[PDB]
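Down below is the structure, laid out as structure tokens.
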Amino acid sequence: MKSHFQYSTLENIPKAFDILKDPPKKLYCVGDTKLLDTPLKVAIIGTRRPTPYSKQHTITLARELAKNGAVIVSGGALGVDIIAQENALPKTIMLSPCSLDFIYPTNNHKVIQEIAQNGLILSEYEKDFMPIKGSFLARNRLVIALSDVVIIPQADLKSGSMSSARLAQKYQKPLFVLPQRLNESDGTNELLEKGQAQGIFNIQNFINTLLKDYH
Amino acid sequence: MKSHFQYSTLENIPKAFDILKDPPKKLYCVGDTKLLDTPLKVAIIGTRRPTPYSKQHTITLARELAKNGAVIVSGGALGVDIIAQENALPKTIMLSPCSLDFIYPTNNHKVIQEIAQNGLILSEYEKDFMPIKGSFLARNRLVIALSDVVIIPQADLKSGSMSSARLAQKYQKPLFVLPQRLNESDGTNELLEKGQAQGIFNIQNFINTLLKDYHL
Numbered sequence: 005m006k007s008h009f010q011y012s013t014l015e016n017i018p019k020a021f022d023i024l025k026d027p028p029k030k031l032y033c034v035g036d037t038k039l040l041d042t043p044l045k046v047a048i049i050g051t052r053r054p055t056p057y058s059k060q061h062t063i064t065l066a067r068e069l070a071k072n073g074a075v076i077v078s079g080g081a082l083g084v085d086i087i088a089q090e091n092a093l094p095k096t097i098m099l100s101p102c103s104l105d106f107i108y109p110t111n112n113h114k115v116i117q118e119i120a121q122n123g124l125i126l127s128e129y130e131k132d133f134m135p136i137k138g139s140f141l142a143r144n145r146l147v148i149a150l151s152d153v154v155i156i157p158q159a160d161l162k163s164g165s166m167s168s169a170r171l172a173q174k175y176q177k178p179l180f181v182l183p184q185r186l187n188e189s190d191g192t193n194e195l196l197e198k199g200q201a202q203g204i205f206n207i208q209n210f211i212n213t214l215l216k217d218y219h
Numbered sequence: 005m006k007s008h009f010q011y012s013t014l015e016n017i018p019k020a021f022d023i024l025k026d027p028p029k030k031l032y033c034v035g036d037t038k039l040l041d042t043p044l045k046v047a048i049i050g051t052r053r054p055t056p057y058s059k060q061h062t063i064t065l066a067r068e069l070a071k072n073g074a075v076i077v078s079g080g081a082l083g084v085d086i087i088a089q090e091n092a093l094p095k096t097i098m099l100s101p102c103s104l105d106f107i108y109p110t111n112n113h114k115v116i117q118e119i120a121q122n123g124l125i126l127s128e129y130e131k132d133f134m135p136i137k138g139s140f141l142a143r144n145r146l147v148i149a150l151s152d153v154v155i156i157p158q159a160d161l162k163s164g165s166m167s168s169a170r171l172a173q174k175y176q177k178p179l180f181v182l183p184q185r186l187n188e189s190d191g192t193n194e195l196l197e198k199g200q201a202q203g204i205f206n207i208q209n210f211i212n213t214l215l216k217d218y219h220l
């Protein structure tokens with residue numbers, strides 16, 4: 005699926021990538037590259053199949069933060085990713101697991117089009133490049149490193165969101181998860197039992213605290 | 005409603021009550037007083053109207069703890085209390101808000117009767133004393149001071165579970181809650197919010213850890 009994206013290259017790889025053990029040598033971009041300068045970047049990632057409960061609060065989170073000047077970052081994946089990005093428009097950055105001439109995943113072509121138009125997409129791949137196992141993971145570390153804080157509304161064990169969790173750990177990014185009933189979001193509950201993550205027990209409080217610390 | 009319980013007076017006020025500001029000077033008992041002499045006592049208290057979700061883990065906790073020699077302590081009220089006490093039998097202790105010649109609430113008379121037979125019921129009140137707004141609260145202090153740990157599976161704000169939660173804090177009893185969605189039980193989520201309580205994110209781990217800390 006061709007995007008028909010007229011995309012350039014980004015002058016300077018942002019400072020945030022410096023922390024990487026294997027930084028990206030070059031980045032391609034489409035849309036507003038001035039979202040890269042913002043005070044607060046929040047990564048919102050998670051399962052491809054969120055419950056109406058997870059979805060509902062992801063929307064609230066993405067919207068509220070975006071409304072108050074935060075920028076949402078994700079991978080455009082089905083589920084939490086795309087839900088969070090679409091509801092943060094225009095203040096949202098996507099890290100693509102494929103080159104900017106393609107659209108992945110194809111099911112989200114609609115929102116990805118709006119992001120390229122109103123937000124920002126970045127790729128570590130020049131052109132005619134499609135996703136393979138290792139390219140998702142590599143895209144992932146970019147989302148985690150670019151962001152100040154990581155929210156994972158819902159996730160299972162041994163998932164990509166757990167990979168990312170481990171990344172948020174070693175890159176000292178604060179990890180936040182939505183409270184979930186036992187057995188409904190194992191991944192996020194394990195992060196909670198291990199103190200590897202902080203719970204969001206009040207949306208208004210979690211967001212206001214976060215704005216105050218940057219703002 | 006008469007209980008028709010034959011009951012007595014406890015020989016010794018348990019030491020756990022000395023931490024109270026206003027310890028009870030006499031306690032009345034029916035059932036098995038040797039349940040007072042156990043290593044570990046867990047209060048399980050909460051809303052009268054639990055979700056199937058909260059009921060199911062309340063059940064697992066009461067049963068798995070009782071199975072392994074813990075004693076479950078509660079107040080015999082509708083919902084969480086009675087669910088926990090029924091599932092812990094015979095290892096359960098109830099603190100009654102009325103004298104032991106009465107049964108309250110009447111609808112729990114079946115499980116309360118089983119507790120009188122195989123568990124232990126205690127009361128601050130000698131006889132001819134039916135529950136009043138204040139005997140419920142007085143009874144709550146006895147629940148928290150007797151226990152070593154406190155579990156509140158689910159609860160709303162402005163509730164009795166909440167006045168008890170303060171008591172746990174005031175009396176330094178580690179306080180635990182079930183994971184609950186936003187806007188579902190605001191009392192227990194407020195306790196997580198304010199760092200006043202610890203969440204139970206793995207039932208089996210919570211239980212094994214609890215049993216090992218008390219050498220069971």
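So the protein sequences, as listed, match chains A and B. In this text, residue positions in the first sequence follow the UniProt record's numbering: the first is 5, and each later residue adds one. In this text, residue positions in the second sequence follow the UniProt record's numbering: the first is 5, and each later residue adds one. We treat Cβ as the ideally placed atom computed from N, Cα and C, and that holds for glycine.
- Task: Identify the contact partners of B/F205 in chain A, using a Cβ-Cβ distance below 8 Å as the criterion.
- Result: Along the second sequence, read from residue 1 onward, the residue named residue 205 of chain B stands at position 201. By Cβ distance, chain A contributes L186, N193, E194, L196 and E197.
- Task: Can you pull the chain B residues whose beta carbon is under 7 Å from the beta carbon of A/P183, in chain order?
- Result: The residue you call residue 183 of chain A lines up with position 179 of the first sequence. Near A/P183 (Cβ distances below 7 Å), the residues of chain B are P183, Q184, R185, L186 and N193.
- Nearest-angstrom Cα distance between A/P28 and A/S127? For the purposes of this step, residue 28 of chain A is taken as residue 24 along the first sequence, with counting starting at 1. For the purposes of this step, residue 127 of chain A is taken as residue 123 along the first sequence, with counting starting at 1. Roughly 10 Å between the two C-alpha positions.
- Query: Shortest alpha-carbon distance to B/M134 belongs to which of B/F9, B/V84 and B/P101?
  - Reply: Counted from its first residue, the second sequence places residue 134 of chain B at position 130. For B/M134, the closest alpha carbon among the candidates B/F9, B/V84 and B/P101 is that of B/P101.
- Return helix, strand or coil for A/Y57, following the three-state DSSP convention. The residue you call residue 57 of chain A lines up with position 53 of the first sequence. In the three-state scheme derived from DSSP, where H, G and I count as helix and E and B as strand, A/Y57 is classed as helix.
- Message: Can you check whether the C-beta of B/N209 is within less than 8 Å of a C-beta belonging to chain A?
- Response: The residue given as residue 209 of chain B occupies position 205 in the second sequence. Yes - at least one Cβ of chain A is within 8 Å of the one on B/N209.
- When you compare each of B/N112, B/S7, B/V154 and B/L82 to B/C33 by their alpha carbons, which one comes out closest? One-based indexing of the second sequence puts residue 33 of chain B at position 29. It is B/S7.
- Task: Can you check DSSP and say which residues form a bridge with B/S103?
- Result: To locate residue 103 of chain B, count along the second sequence from 1; it is residue 99. For B/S103, DSSP records no beta bridge to any residue.
- B/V84 beta carbon less than 8 Å from that of B/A47: Position 43 of the second sequence, counted from the start, is the residue given in the question as residue 47 of chain B. Position 80 of the second sequence, counted from the start, is the residue given in the question as residue 84 of chain B. For the pair B/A47 and B/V84, the CB atoms are not nearer than the 8 Å cut-off.
- Taking a Cβ distance cut-off of 7 Å, strictly less, list which residues of the segment 48–66 of chain B are near chain A, in chain order. So the close ones are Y57 and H61.
- Query: Cβ atoms of A/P18 and A/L150: under 8 Å apart, would you say?
  - Reply: Taking the first sequence and counting its residues from 1, the one referred to as residue 150 of chain A is at position 146. Taking the first sequence and counting its residues from 1, the one referred to as residue 18 of chain A is at position 14. Cβ atoms of A/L150 and A/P18: closer than 8 Å.
- Item | Residue from B/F205, B/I116 and B/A81 whose Cα sits closest to the Cα of B/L93 | One-based indexing of the second sequence puts residue 93 of chain B at position 89. Comparing Cα-Cα distances from B/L93 to each of B/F205, B/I116 and B/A81, the minimum goes to B/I116.
- Task: Could you check the C-alpha separation between A/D36 and A/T96 for me, to the nearest Å?
- Result: Walking along the first sequence from the start, residue 36 of chain A turns up at place 32. Walking along the first sequence from the start, residue 96 of chain A turns up at place 92. Here the alpha carbon of A/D36 sits roughly 10 Å from the alpha carbon of A/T96.
- Item | Close beta carbons around A/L195, own chain, < 7 Å, minus the five adjacent residues each side | Start at 1 with the first residue of the first sequence, and residue 195 of chain A comes out as number 191. Scanning its chain for C-beta atoms nearer than 7 Å, with the 5 sequence neighbours on each side dropped, one finds around A/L195 the residues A169, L179, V181 and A201, in chain order.
- Nearest to A/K177 by alpha carbon, out of A/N193, A/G191, A/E15 and A/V147? Start at 1 with the first residue of the first sequence, and residue 177 of chain A comes out as number 173. Answer by Cα proximity: A/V147.
- Message: For A/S12, count the other beta carbons within 10 Å of its own beta carbon; 16 or more makes it buried, fewer makes it exposed. Which is it?
- Response: By 1-based counting over the first sequence, the position of residue 12 of chain A is 8. Label assigned to A/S12: exposed.
- Task: Express the C-alpha separation of A/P109 and A/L82 in angstroms, rounding to a whole number.
- Result: Along the first sequence, read from residue 1 onward, the residue named residue 82 of chain A stands at position 78. Along the first sequence, read from residue 1 onward, the residue named residue 109 of chain A stands at position 105. Cα to Cα, the separation comes out at about 7 Å.
- According to DSSP, is A/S78 helix, strand or coil? Here residue 78 of chain A corresponds to residue number 74 of the first sequence, with the count starting at 1. DSSP, reduced to helix, strand and coil, places A/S78 within a strand of the structure shown.
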